[PDB]
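Residue numbers (the authors' numbering): 1 to 27. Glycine residues also receive a C-beta, built at the ideal position from the N, C-alpha and C atoms. Written below as structure tokens is the structure these notes are about.
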């Protein structure tokens, strides 16, 4: 599967760092 770090990396790159991913990716 995809680790939260990888999810955050993808979200960070794609600009999909929202919600919890916003907190983690710090967008």
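Check, Outcome
"Leaving out five residues before and five after residue 22 in sequence, what residues of the same chain have Cβ atoms less than 7 angstroms from its Cβ?", "none"
"For the alpha helix (DSSP H) containing residue 12, name the first residue and the last one.", "4-14"
"Could you spell out the range, first to last residue, of the alpha helix (DSSP H) harbouring residue 17?", "No alpha helix (DSSP H) holds residue 17; DSSP gives it neither H nor E."
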